[PDB]
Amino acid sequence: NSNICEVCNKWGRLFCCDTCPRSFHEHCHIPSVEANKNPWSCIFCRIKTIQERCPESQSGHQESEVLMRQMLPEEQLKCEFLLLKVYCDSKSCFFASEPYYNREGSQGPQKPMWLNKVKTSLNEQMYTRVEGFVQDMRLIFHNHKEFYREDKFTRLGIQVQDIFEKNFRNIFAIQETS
């Protein structure tokens, strides 16, 4: 197994995957690493199993159909994995915890949003469709772009949104376009 957390790239108290060489801090894995279960298989492994069981699940899909999907166990898992792929980027630090807004010439967003809030909402089964989760994720970056205006710090929202969108297209097998 790896000697660093797959998500944050630090050592510490790591739980090791049985079916692949990845390791995780308890609360870095999503969902949080399960109490018992021997063997244990990480989220990467669980996603790969879905694909192997149904190879056609990789054929291209329309985003509008994906978003309307109910949050059954397989879609729950895909959203968890997509959230995890965002936390894997170190620039997710800026979007993880609850933001506050006091900048001359800007007003805060009407509906603040942050990664840990989305994480709690997924854990508590608050989303009934994929659209709920995607809307909140995109709201994080939209709020940031609007608040920071012409400051160069706006680029951090563009960068992390690009990680989100690439991973959304990969995990949910969105049909490739020009």
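Start at 1 with the first residue shown and count on from there.
- Higher average CA B factor: 141-149, of the stretches 141-149 and 111-119.
- Checked against the record, the higher mean CA B factor of 31-39 and 60-68 lies with 31-39.
- When the CA B factors of the chain's modelled residues are split into thirds, the value for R22 lands in the highest one.
- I158 sits in the middle third of its chain by CA B factor, as recorded in the PDB entry.
- Annotation for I50: CA B-factor lies in the highest third of the chain's modelled residues.
- Among all modelled residues in this chain, the alpha-carbon of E75 has a temperature factor (C-alpha) in the middle third.
- Residue-level temperature factors show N167 in the lowest third of its chain, judged at the C-alpha atom.
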